[PDB]
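Protein chains in written order, with UniProt numbering: chain A, 8 to 227; chain B, 1 to 84, 101 to 166, 171 to 290; chain C, 1 to 166, 171 to 290; chain D, 3 to 111, 116 to 130, 140 to 178, 181 to 290, 325 to 561, 564 to 608; chain E, 1 to 87. Heads up, the beta-carbon is just placed ideally off N, CA and C, and yes, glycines get one too. Step one of this worksheet: look at the structure below.
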Amino acid sequence: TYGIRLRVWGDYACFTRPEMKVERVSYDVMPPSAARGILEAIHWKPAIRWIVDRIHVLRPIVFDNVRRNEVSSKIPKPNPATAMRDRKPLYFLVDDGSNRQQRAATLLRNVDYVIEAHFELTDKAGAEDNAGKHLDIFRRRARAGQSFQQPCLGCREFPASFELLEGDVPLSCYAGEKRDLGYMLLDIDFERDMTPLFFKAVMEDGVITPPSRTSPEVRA
Amino acid sequence: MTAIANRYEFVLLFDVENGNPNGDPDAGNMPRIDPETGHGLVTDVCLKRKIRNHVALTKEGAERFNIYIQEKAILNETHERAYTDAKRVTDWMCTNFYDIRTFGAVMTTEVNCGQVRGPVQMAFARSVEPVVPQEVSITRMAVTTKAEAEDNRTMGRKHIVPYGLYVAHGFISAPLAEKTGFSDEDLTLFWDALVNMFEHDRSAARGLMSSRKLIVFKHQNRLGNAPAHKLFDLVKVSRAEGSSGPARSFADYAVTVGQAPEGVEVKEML
Amino acid sequence: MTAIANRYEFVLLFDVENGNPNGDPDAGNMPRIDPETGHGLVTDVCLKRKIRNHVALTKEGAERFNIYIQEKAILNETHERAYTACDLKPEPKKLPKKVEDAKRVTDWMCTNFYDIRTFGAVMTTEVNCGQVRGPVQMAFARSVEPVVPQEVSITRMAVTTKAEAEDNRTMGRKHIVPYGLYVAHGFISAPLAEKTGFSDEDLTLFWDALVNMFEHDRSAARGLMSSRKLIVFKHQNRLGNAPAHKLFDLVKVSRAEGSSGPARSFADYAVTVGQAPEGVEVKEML
Amino acid sequence: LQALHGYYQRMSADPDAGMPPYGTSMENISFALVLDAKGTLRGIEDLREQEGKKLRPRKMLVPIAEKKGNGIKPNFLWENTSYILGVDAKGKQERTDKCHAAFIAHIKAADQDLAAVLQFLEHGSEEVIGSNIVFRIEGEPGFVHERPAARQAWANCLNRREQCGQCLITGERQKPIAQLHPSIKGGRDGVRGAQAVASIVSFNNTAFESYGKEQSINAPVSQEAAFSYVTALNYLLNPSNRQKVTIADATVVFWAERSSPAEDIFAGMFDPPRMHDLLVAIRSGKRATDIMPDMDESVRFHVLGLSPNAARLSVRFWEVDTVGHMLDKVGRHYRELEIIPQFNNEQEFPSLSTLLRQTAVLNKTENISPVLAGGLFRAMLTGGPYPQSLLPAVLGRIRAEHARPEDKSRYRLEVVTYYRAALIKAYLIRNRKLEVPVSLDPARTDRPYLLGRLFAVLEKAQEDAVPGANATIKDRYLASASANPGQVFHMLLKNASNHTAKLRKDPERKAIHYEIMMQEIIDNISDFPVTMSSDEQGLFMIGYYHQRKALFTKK
Amino acid sequence: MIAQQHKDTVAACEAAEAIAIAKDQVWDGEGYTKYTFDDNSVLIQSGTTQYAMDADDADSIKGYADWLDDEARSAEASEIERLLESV
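Shown next as C-alpha cells:
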C-alpha cells in the first residue's frame, strides 16, 4: 500500500564510526542516516521527510584496509574585497609539513542492501503537496535510474548502484542468525543543535529495524 | 552563471608500462592491489590530483581557472580574480577556483549545512586483470652520511608494474553543477585534462603512463535516462585473439562499446 | 639561464654484443630480464648514470657542470657547501623557515650541479636541502626481442689469500647477452625546466651524451655497446601537441625480411619512422 | 568499543585484578570498623602496617578526597572520627557535630550495606579516635566503598559534579561527555611503534571535525565509559598480563567475555613456542575439550589489532567469534599449512610472525607490508580467503632471494624454504581449491608439478657435478623457469646433460639415476608451456620443494 | 610549547585543552592534570603553576619528577620509568 523498497549495492562502502572517524573504521552495516542520504540522493524536497523502517543485509560482512594521503585542515574563509587590494595568491599546500595527514581506512567490501522507507509531510509542505505525488516521483526515478546525484556508500568515492524492488526482498545471508551489533548511530538531530542519537542495533534474521528517528521518546 | 544541462557518465581507460601508477603508503610503496581480486588499484584522489596539476600547468592563473588545493609545485608569479553573506563568498570561490567549482570544498563554515559538493565524482580505478608488480634492486654511488661511510654504497629497491590497463569510472551531476556554475567550457577543459592527465606527470617512479580510451555517456535529461551501472557494462574490454600469456601492451586488449539506451548518447574522445 | 621553451620526446636505440648491459643484483649478476616474457631490461638509472659519467668526462668539473652523485662524495657535505654558499645555519631535519631562503639554496644546488638541474634529486637528509623533480625523465629500456643470456665460466691462475684449493684453478663466471637491441623512451618537460633552469646548451650537451653515451664506457663486462638510432620529437609549444604514446608508435622496429634465425647484428633489424602530426617535427638525424 | 568497556566492568569487580575503579585515589587509611547489617559496631581491624621504623596508615584505593580548607567538606565514605564516630580528639564538639551532619547528608546522595552504615551513624580500642577510618560489612570481603552500590553512588555524585549528551558506548542519556579522553600507553608496554602517548580518538585538526562539533565531542562518550575502556586497553597492553602479542607493526590483544583458560593459550596458538598436544588435536579436527576439559567453548572471544602512526593508533582488524569456532578455524588454518619440514630443527607449527617475516625484503621484521599482516591474523582466525596479494609476494621473494652463505648459517640457505612452501600450499588449498599433498606425490602427473620436480632433479645433478658451487640454478633460473618454462628449460636440460656427462666419467658413474628420473618425469610432459599462471607457478614451487626434500640423502 | 606564551596564567589551560590530544589526570597527594600533545610533548598543571615536559629527552623527565610533590613521585615511578627508556 505504502512505503518503498530500494536495493543498493557496490564493491566498496565506508560508514565511518563516529568514535574512529580520524582513522576511518566502518560500521558493519549501513546506519539509518546513510540510508537517509542515499534516498535523498534520488529524490527529496523541502516538503518531505524520509523515514527508514528496515534495512536488509544480503551479503557477508567483509572488511578491507585502505590507506590514503589526506589533508589536515579545511580551507579558511577569505574576504573577497581584500583579495585584490593586492595580488593575494590563495592556495593550500597539501605536501607542506603537517598539512599532509595519512589516514588509514578499514572499509567494507561487496555490500548489498535493501532499504524500506516511507514518507512524511513537514510543516513547510505546500498546500497541494501530497505524499502520493512524491512517492510516484521517487518510484519513477528509481525505475528509470534517474537521480539528483549519484548515490554513494557513505563516501563519495564509493558509488552506489540502485534499483527498485518490485518483487519480494531476496533471501539474506544471515537468515538464521541474531547478531548484536551494539549501539550505532541512528541519525543526527539538527533541531537540537546537531545532536547525534543512537540505538541498540540487533540484526535479527539479517534485517535491522531501527526506531523512528522522529519519535519523541528516542529524541532527548 | 550558465551550467551544464545534461548528466554525464564517463569511463576512462589508462595503462602503465614498467612503472608504479600509485604506490601504497601502507605496503612500503608497493603499487596498490585489490586483496579480494588481485587487480591493481589506483585511488581516485590520485587522478584528481593529476587533473588539478594539469589544469594548473595549462591555464597558469587564468581569470577563472585558479586552483586552490596545490602541492609545492605552486607558481607565485601571477593571479587575477574574476570578482563576480556565506552564499556570496561561496559564489566567489566557485567563480574563480576551478577545482572548487568542479570537485567542491569545505570552508570552515559548518553553520551552513549545504556544503560545496561539486558535480564531478569518480571512484577507484581497478585493473582489468590481475597485476604482478616486480621488485627491482638498484644501487647508488654516494653515501648520504659520514656515519655510514665507515662499502660506500647503498642498495635501494624500486617497484614496477610490468603492464596493467586500468578502468576509471566517473559521474557528473548536472543538478549539482547548477548550484556551482560548472559550465560547458569547464566540461571541455575537464575532458581535455582527462585525455592529457599523464602527459605532464612524468617522473622516475611512474614510468610511461597514458590515457587510451575515454567513453562519455551524455544523458538527454537534466537527470539521467538509464542506470549508470547498466551503461558501464556496455564498455566491454577483453583480450585480443592472438594474445596469450601476460599482457605487455595495449594491443593485447580489445575494447568494444555496446548500443546505449534510446535516451542517452555515446561519445569516444579517444 | 633561460630555460627551454619546447616539449621534447625522444627514442633511443642501442645495442649490446657479447656484453652485460645491466646486471641484476638479485639474480647473481645476470642481465635484467622480464621473467614472464624473457625480454631484457635496463633500468633508467643505469642510462642516467652513463649520461652523468659522460657529462663529467666531457666537462671535467667545469663551473655550473658538476655532477651531484659522484663516485665517493658524501651528499651531506655537498648540502653543507650549499648552505655555506647561501650563508645560512642549517637545522638538522628542516628547510630554512623563510621560504625565500629555501628557494635560494635549492636554486644554488640546481645551478651549480648539472644532474640536479636535469634529472632532479631528493635532498631531505640530516641537513635538508629541498627537492627537485628534474625536467628530463626516461623510462626503462626493453629489448625488441627476448634475450638469451648465457653463463661464461672463467678461471684465474692466482689466489687472493692463503689457501690450498689450487687442485684446480680458482673459478668464476661472467654473464653475457649474445645480442640485444633495446628501445629507451624519454621525456623533457618545459614547465619543469622553467623552474630548474635547464637551458638549451644543457639540451645540446644532453643530446651529445645520448649519442656518445657508451663510447667511453668500455669495460670487461660491457662487451661492445653502441647507440644506433636517436629519434627526437620536438613540439612547438611548452605543452605538447600530441600524446607521447602516439609519437613512440611512429618508430617501428622489426626484423628485416632478408634475415632468419637469432638476431646477431643490427643489420637483422629494420627501423622505420612514420609521419609526425602537424604540430610536431622529427629530428631523425642523430 | 563496547567490548573493552565490558571487560573493565568484569575485571573491576575482582579486587585483586588491578583495575583502578573510576574516580578513586591512593590515600592513607588507618582503621576499619566492622559492623553488622543493623549498624551495630562489631569490631575494629588495625589494617595499618608496620615498617619497623613506624606504624604507618595503609595505602588504599578510595574515593578521591575533597579540597578541604577552613570550612568542613565531608568525604564520601572515608573520614576521621570527627565525621563518623561523632567524637574527636580535639574536643571541639560543635565542629564534630557539623562534620557528622554533613557526613550523614553526604551518604544520602535501599541497599542493605548503605542502610547498615547509616544506622551506625545514627548511634555515633580507643586508638581509632583521630585517625582516618573506613567501613567494612561483616560476612562480605572488601569494604563498603568497593561495593557496586557505592561505586554507582560515587559515579552519580561525580556526574552531578558536571562541568552532557548520550554516551555511544553505554547508550545512557543525560551523561556528561568527555571533552578529552585519557591517553593510551605507547612503546614497550603500549602499541609498539606509536609515540609515548597515543589515543583512539583525536580531533586536533579541523579536517576531522564534523557538524560544528569541537575536539572529542565529535565522539560523545560518558566520562566513566572513556576512563573504563582506556584503562582496560592499557591493562591489556601491559606485557605483565599474558594477553598481548605483536605481529609485524600491529600489536594484538585478546580477552574473553568471562574468565576462561583460553586467554592463557591463545598467546601461543598464533605464536607457538601441552600446547603442542592442543595444536595437534585442533589441527586434526578434534575438539580442544578432549585434550583438557575446562574450556567452555561457548564463551565468546575478542581479538583486537592496533596499528600505530606518528601519535595516533588505528584499529586494523577485530573478531568476536566464540572460542570453539575460532579454535576450529585456527586448526583448519594449521591443517592447510601442513608440509613436510625441510630440516628437523624447524617448527612443526610455523609461527605467523615467522611466516610473514619470510616474505620480508631481507627476512627481517621490518619491511613486512602491514597490509599482508592485516590479511593474516585475519584470514587465519576468520576462515576467509587469504588476501590475493599473498601468492605474488612469496613468488617475488623467491625471485629475489638466493643462496646466502655469508649468513654464517652452515647450510646454504634454500630459496624455497619450508615456510614459503607452506604459505604457497595454504594459498592454493584455500583460494584456488586445488589439491596439494603434504609430501612428494610421484603419481601427480600434473604439468606444473612435473616441471617443478624436473627443476629439482636438474638442481641435484648440478650440485653433484660441481661440489661446493657458489650458486646453483635455484638462485637465477627459478623465476623464469616457473614463469616461462618454454624459453629456459632447453638450456637447463643441456647444462644438466653436461653435468651428468662429467658425473659419469668421474666417480658415481651410476648420473644414471638422474637420467632415469629425467626420463620418468619428461615422459608425462608433451610440451613445455610458453607461460604459466600464478597458481601454476605456485604448483611449480610446491613440486620443486617436494622433490628436493625427497632427494637430500637418497644415495 | 604554549606554556611560555601564557606562563602560569589559567588561559594556558584553555589553549592546551583546545589543541591538546587525550588528557590524563593524577590523584596522588596533590591534584595534577596532564595535557598531552603530538610531538611527544606534555603540559602538566596544578593550580596556577605548571611545567612543560618533553618525552624524548631524559632531563625533561627528571625535571618533571623534581617539579612534582614527593608522594606523587612515588606513584609516578612507574610512568617515569616508561618515558625514561626513550633513547
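Out of the options, state which residue places its alpha-carbon closest to the alpha-carbon of residue i.
| i | options | result |
| --- | --- | --- |
| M289(B) | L234(B), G283(B), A260(B) | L234(B) |
| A82(C) | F218(C), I116(C), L209(C) | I116(C) |
| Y598(D) | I282(D), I449(D), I152(D) | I449(D) |
| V78(A) | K52(A), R31(A), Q109(A) | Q109(A) |
| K261(D) | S245(D), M286(D), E241(D) | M286(D) |
| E126(B) | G227(B), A139(B), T106(B), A280(B) | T106(B) |
| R173(C) | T160(C), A163(C), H179(C), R156(C) | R156(C) |
| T584(D) | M1(C), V16(C), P35(C) | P35(C) |
| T200(B) | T118(B), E80(B), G283(B), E9(B) | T118(B) |
| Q137(C) | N112(C), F218(C), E164(C), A194(C) | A194(C) |
| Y228(D) | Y34(A), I62(A), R199(A) | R199(A) |
| residue 169(C) | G278(C), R268(C), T276(C) | A break in chain C separates 166 from 171, and the residue in question, residue 169(C), sits inside that break with no coordinates. |
| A164(D) | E189(D), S200(D), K110(D), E141(D) | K110(D) |
| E153(D) | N235(D), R44(D), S239(D), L127(D) | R44(D) |
| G134(C) | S223(B), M123(B), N6(B) | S223(B) |
| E568(D) | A547(D), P582(D), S233(D), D580(D) | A547(D) |
| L604(D) | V331(D), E399(D), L509(D) | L509(D) |
Check whether chain B comes within 8 Å of residue i, counting only Cβ atoms and requiring the distance to be less than that.
| i | result |
| --- | --- |
| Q439(D) | yes |
| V118(A) | no |
| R148(A) | yes |
| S223(C) | no |
| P247(C) | yes |
So, is the C-beta of residue i closer than 8 Å to a C-beta in chain A?
| i | result |
| --- | --- |
| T125(B) | yes |
| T43(B) | yes |
Within the 8 Å Cβ cut-off, does residue i reach chain D?
| i | result |
| --- | --- |
| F126(A) | no |
| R177(B) | yes |
| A20(E) | yes |
| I33(C) | yes |
Just list the residues that DSSP pairs residue i with in beta bridges.
| i | result |
| --- | --- |
| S27(D) | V64(D) |
| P31(C) | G23(C) |
| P146(B) | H39(B) |
| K261(D) | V270(D) |
| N72(A) | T113(A) |
| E30(E) | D28(E) |
| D272(C) | None; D272(C) has no bridge partner. |
| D119(A) | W16(A) |
| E81(D) | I148(D) |
Contact between the region 411-424 of chain D and the region 342-353 of chain D (3+ Cβ pairs under 8 Å):
The answer is no - the region 342-353 of chain D does not touch the region 411-424 of chain D, with fewer than three Cβ pairs under 8 Å.
I want to know whether the region 181-195 of chain A touches the region 71-78 of chain A - three or more CB-CB distances under 8 Å.
With a cut-off of 8 Å, the region 71-78 of chain A and the region 181-195 of chain A do not count as touching, because too few Cβ pairs lie within range.
Would you be able to state if there are at least three C-beta pairs under 8 Å between the region 166-178 of chain D and the region 191-209 of chain A?
No, the region 191-209 of chain A is not in contact with the region 166-178 of chain D.
Could you name each continuous beta strand (DSSP E) segment of 3 residues or more that falls completely within the region 347-409 of chain D, going from the start of the chain to the end?
Segments of the beta strand (DSSP E) lying fully in the region 347-409 of chain D: 352-359, 364-370.
Should the region 375-394 of chain D be called in touch with the region 467-481 of chain D, which here means at least 3 C-beta pairs below 8 Å?
Taking one beta carbon from each stretch, the region 375-394 of chain D and the region 467-481 of chain D have 3 or more pairs nearer than 8 Å; the two touch.
Please go through the region 123-185 of chain A and give each complete beta strand (DSSP E) segment of 3 or more residues, from N-terminal end onward.
Counting whole runs of 3 or more residues, the region 123-185 of chain A contains the beta strand (DSSP E) stretches 168-171.
Write down every uninterrupted run of the alpha helix (DSSP H) in the region 37-81 of chain E whose length is 4 residues or greater and which is fully enclosed by it, in chain order.
The qualifying runs are 58-67, 70-75.
What alpha helix (DSSP H) runs, 4 residues minimum, are completely inside the region 182-216 of chain C?
As for any alpha helix (DSSP H) of minimum length 4 sitting wholly inside the region 182-216 of chain C, the runs are 194-200, 204-215, ordered along the chain.
Does the region 29-42 of chain A come into contact with the region 132-148 of chain A, if we say contact requires no fewer than three beta-carbon pairs (one atom in each stretch) closer than 8 Å?
Contact between the region 29-42 of chain A and the region 132-148 of chain A is not established, with fewer than three Cβ pairs separated by less than 8 Å.
For the pair the region 253-273 of chain C and the region 32-49 of chain C, tell me if three or more CB-CB distances fall below 8 Å.
Because the criterion of three Cβ pairs below 8 Å is not met, the region 253-273 of chain C and the region 32-49 of chain C do not touch.
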